[PDB]
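> Sequence first, structure after, both from an experimental entry:
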Amino acid sequence: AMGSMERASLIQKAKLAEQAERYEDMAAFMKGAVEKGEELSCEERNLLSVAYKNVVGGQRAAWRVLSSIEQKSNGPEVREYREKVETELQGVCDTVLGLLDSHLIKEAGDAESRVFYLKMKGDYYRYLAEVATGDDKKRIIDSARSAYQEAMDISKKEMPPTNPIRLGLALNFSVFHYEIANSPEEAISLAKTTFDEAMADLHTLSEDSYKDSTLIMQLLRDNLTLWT
Amino acid sequence: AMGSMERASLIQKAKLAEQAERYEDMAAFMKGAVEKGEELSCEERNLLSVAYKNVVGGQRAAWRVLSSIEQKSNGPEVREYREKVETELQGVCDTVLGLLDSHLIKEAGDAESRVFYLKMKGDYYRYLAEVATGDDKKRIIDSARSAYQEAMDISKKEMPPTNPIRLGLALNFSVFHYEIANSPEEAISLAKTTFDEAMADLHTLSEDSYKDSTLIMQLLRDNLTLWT
Amino acid sequence: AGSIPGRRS
Amino acid sequence: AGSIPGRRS
Ligand SMILES: *Cc1ccc([N+](=O)[O-])c(OS(=O)(=O)C(C)C)c1
Ligand SMILES: *Cc1ccc([N+](=O)[O-])c(OS(=O)(=O)C(C)C)c1
Ligand SMILES: [Ca+2]
Ligand SMILES: [Ca+2]
Ligand SMILES: [Cl-]
Ligand SMILES: [Cl-]
């Protein structure tokens, strides 16, 4: 699709699409950039993540609206339309997972890139789990857990406890535990331990890094306040 | 595309898509409903208008962002991407205009339907005019003016001065004069006369109709405040 | 200035 | 509750 466009042009257009709030375009541009086969820089990884987060975020919000209407009703139209949105959402998740598997993760050697992509893998399996029903749900849940766990193991070995990627991974894994895995106690323990270990490391940071880390720490605290 | 789905199901799904903020879907459902060939009820006309207003509104906002970046710059990427968005916007406007021409307007005999569709025709030519350059702009501008003028002539003969469709038509025609036709004095005169004639007719209205009419009258006043 | 917002029904 | 919002870069 994007095979005729220069990598640098795809990246430039992804940034313009973000400014224009054209997130479907942004995701297509970044998919094209990934398919050029080169590794992604830190900024380019962020563009890929922002693009697909916005696309799947719109789909998840629509699926929740339709699922709530469908549950209140219980013609075929509400179910049929919820199913259509769900299939589209699953297709976006499968596209992202496919990019990670071909071949972003296998080429990611540095902790910052590998943790970033594995967190993404856990997130997109988590979005699949939100709409899955039955034993399909079990294997999807295990795939999310496995990706998050590998990312956690790397992050604890290779990054300081204030690193924003490490903090966001722990935040999202804690949400996985609470909302997906029916493990609220594990969610609370992870959020508390992550927060406390980051607090103890803030003294090492510059003013700008302090702002980055404390922003995410506040998200951990917000969840803990809602969960306790 | 939607030819296999029942008209009533398309309408139901358009309402669900609105609740889910899936306006592209909503527009496709309503296009399918129009293509069934039957006239649209008042509620169905509103669904058609809301769907496409949201779709073209997103495109117009993106085009304005990209056009502003492009003007600041003066590689090909900003222009190329603005051109892509512009072509997509023109395609949506052409689709709407095509539905009005085949065959909504020709079958619309009552003032409420005919004025509604002609106002829509003026609006979508106006959106085309916002992105047009040169002598193309002249004929597009005249097409918008002609549609608005026919709608105005019908509305003055057939509707009270407080009718919300009549008020919204006058509001949008005044914006056409100010923003497109370089006729700010005509814009101000139309907005003032419309407001004053509606004010004098409010005494005839129920509480609910009073609320509907005064809401649009406030939009006229807001424009007059910005223009004077 | 502002046309009919027209995005909610 | 809330994951990383992650929608702005
Ligand atoms: C163009 C227009 C003017 C007035 C109304 N109205 O208040 O009925 C209208 O209908 S609408 O549902 O599309 C409203 C702009 C939300 C259209
Ligand atoms: C998952 C995640 C955690 C932290 C950051 N960060 O603050 O750098 C991050 O990068 S990002 O640009 O996508 C941010 C969520 C806007 C991702
Ligand atoms: Ca090249
Ligand atoms: Ca039928
Ligand atoms: Cl590598
Ligand atoms: Cl008729």
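That came through, no problem. Numbers count the residues shown, from 1 in each chain, chains lettered A, B, ... in the order given. Ligands and ions are numbered 1, 2, ... in the order given.

> what's around the spatially closest residue to residue A:23 that is not a sequence neighbour, how many residues?
Excluding the flanking residues, the one nearest residue A:23 by Cβ to Cβ, 6 or more residues apart in numbering or on different chains is residue A:54, at 3.7 Å. For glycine as for every other residue, the C-beta is placed from the backbone atoms N, C-alpha and C. Number of residues near residue A:54 (other Cβ atoms under 10 Å in any protein chain shown) recorded here: 20.

> With residue A:189 instead?
13.

> How about residue A:109?
With other Cβ under 10 Å as criterion, residue A:109 counts 8.

> how near is it to residue A:156?
According to Cβ to Cβ, to the nearest Å, residue A:109 stands 18 Å off from residue A:156.

> Check which element follows whichever strand or helix holds residue A:10 along the chain.
In the assignment (DSSP states H and E), residue A:10 maps to helix A:7-19. On the C-terminal side of helix A:7-19, the nearest following helix or strand under DSSP H and E is helix A:23-35.

> touching ligand 5 at all, the following helix or strand past that following helix?
Under the assignment DSSP H and E, the closest C-terminal helix or strand after helix A:23-35 is helix A:42-73. No. Contact between helix A:42-73 and ligand 5 is absent, the nearest approach being 12.6 Å (criterion: Cβ under 5 Å from the ion).

> Centroid-wise, who is the farthest residue in chain A?
Ranked by distance from the centre of chain A (Cα atoms, centre = their mean), the top residue is residue A:75, with 35.3 Å.

> So that one: helix, strand or coil?
Recorded secondary structure, residue A:75: coil (DSSP: H, G, I helix; E, B strand; the rest coil).

> Verify the stated contact: it with residue B:16.
No. The pair residue A:75 / residue B:16 is not scored as a contact, 11.3 Å apart, by Cβ atoms under 8 Å.

> Leaving out the residues flanking it, which one is nearest to residue A:97?
Closest to residue A:97 by Cβ to Cβ, 6+ apart is residue A:124, at 5.3 Å.

> So that neighbour is in contact with residue A:95, correct?
No. Contact criterion Cβ under 8 Å: residue A:124 and residue A:95 do not qualify, at 9.1 Å.

> list residues touching both of those two?
Among the neighbours of residue A:124, those also in contact with residue A:95 (Cβ atoms under 8 Å, 6 or more residues apart in numbering or on different chains) are residue A:52.

> So for those two, which sits in the more crowded spot?
residue A:124 (25 against 17).

> The strand or helix carrying the more buried one packs against which elements?
Using DSSP H and E, residue A:124 sits within helix A:111-131. With contacts taken as 3 or more Cβ pairs under 8 Å, 6 or more residues apart in numbering or on different chains; DSSP states H and E, helix A:111-131 sits against helix A:42-73, helix A:77-99, helix A:105-107, helix A:135-158, helix A:164-175.

> same for the longest one, what does it pack against?
In this case it means helix A:42-73. Counting by 3+ Cβ pairs under 8 Å, 6+ apart, helix A:42-73 packs on helix A:7-19, helix A:23-35, helix A:77-99, helix A:111-131, helix B:7-19.

> closest one to ligand 2 among the ones you listed?
The closest of the helices and strands packed on helix A:42-73 to ligand 2 is helix A:111-131. By Cβ to the nearest ligand atom, the value is 5.7 Å.

> Tell me the residues of chain C that contact chain D?
Neighbours of chain D within chain C, by Cβ under 8 Å from any Cβ of the partner chain: none found.

> what about the residue nearest to residue A:23, distance to residue A:47?
Residue A:54 is 11 Å from residue A:47, by Cβ to Cβ.

> what is in contact with those two at once?
residue A:26.

> what does chain A put close to chain B?
A:9, A:12-13, A:16-17, A:19-22, A:58, A:61-62, A:65-66, A:69, A:75, A:77-78, A:80-81, A:85.

> Mark which of those are buried, thanks.
A:9, A:12-13, A:16-17, A:20, A:22, A:58, A:62, A:65-66, A:69, A:77-78, A:80-81, A:85 (16 or more other Cβ atoms under 10 Å in any protein chain shown).

> For the spatially most central residue of chain C, grab phi and psi.
When Cα atoms, centre = their mean is applied to chain C, the residue found nearest the centroid is residue C:5 (0.8 Å). Dihedral angles of residue C:5 (phi, psi; degrees, to the nearest 10) stand at phi -60, psi -50.

> Return the residues in contact with it.
Here residue C:5 is in contact with no residue (Cβ under 8 Å, 6+ apart).

> Show me what residue of chain C gets nearest to ligand 2.
residue C:7 (27.6 Å).

> so how many other residues sit close to that residue?
15.

> Could you do residue A:31 as well?
For residue A:31, using other Cβ under 10 Å, the count is 20.

> which ones are touching it?
So residue A:31 contacts A:1, A:2, A:95, A:99 (Cβ under 8 Å, 6+ apart).

> With residue A:216 instead?
Residue A:216 makes contact with A:164, A:167, A:168, A:171, D:4, according to Cβ under 8 Å, 6+ apart.

> ok, now with 10 Å
A:162-168, A:170-171, A:194-195, A:198, D:4 (Cβ atoms under 10 Å, 6 or more residues apart in numbering or on different chains).

> Then residue A:89?
A:55, A:56, A:58, A:59, A:60, A:62, A:63, A:127, A:128, A:130, A:131 are the contacts of residue A:89 under Cβ under 10 Å, 6+ apart.

> now do the same end-to-end measure for stretch A:3-12.
From its first residue to its last, stretch A:3-12 covers 15 Å (Cα to Cα, to the nearest Å).

> By proximity to ligand 1, which residue of chain A wins?
Taking Cβ to the nearest ligand atom, chain A has residue A:65 as its residue nearest ligand 1, at 19.7 Å.

> From residue A:63, how far off is the residue nearest to that residue when sequence neighbours are not counted?
Residue nearest to residue A:65 in three dimensions, not counting chain neighbours: residue B:20, with 4.5 Å by Cβ to Cβ, 6+ apart. To residue A:63, residue B:20 is 8 Å away according to Cβ to Cβ.

> so what sits against both of the two?
Both residue B:20 and residue A:63 are in contact with A:82, A:85, where contact means Cβ under 10 Å, 6+ apart.

> Tell me which residue of chain C lies closest to ligand 5.
residue C:7 (46.3 Å; Cβ to the ion).

> That residue reaches residue B:60, doesn't it?
No. The pair residue C:7 / residue B:60 is not scored as a contact, 11.8 Å apart, by Cβ atoms under 10 Å.

> Quick one: residues contacting residue A:190.
Counted by Cβ under 10 Å, 6+ apart, residue A:190 has contacts A:152, A:170, A:171, A:173, A:174, A:175, A:176, A:177, A:178, A:183, A:220.

> Residue A:21 too?
Per Cβ under 10 Å, 6+ apart, neighbours of residue A:21: A:54, B:58, B:61, B:62, B:65.

> got JSON lines for the residues you listed, with distance to residue B:115 too?
Converted to JSON lines, those look like this (distance: Cβ to Cβ, whole Å):
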{"residue": "A:54", "distance to residue B:115": "38"}
{"residue": "B:58", "distance to residue B:115": "26"}
{"residue": "B:61", "distance to residue B:115": "27"}
{"residue": "B:62", "distance to residue B:115": "30"}
{"residue": "B:65", "distance to residue B:115": "33"}
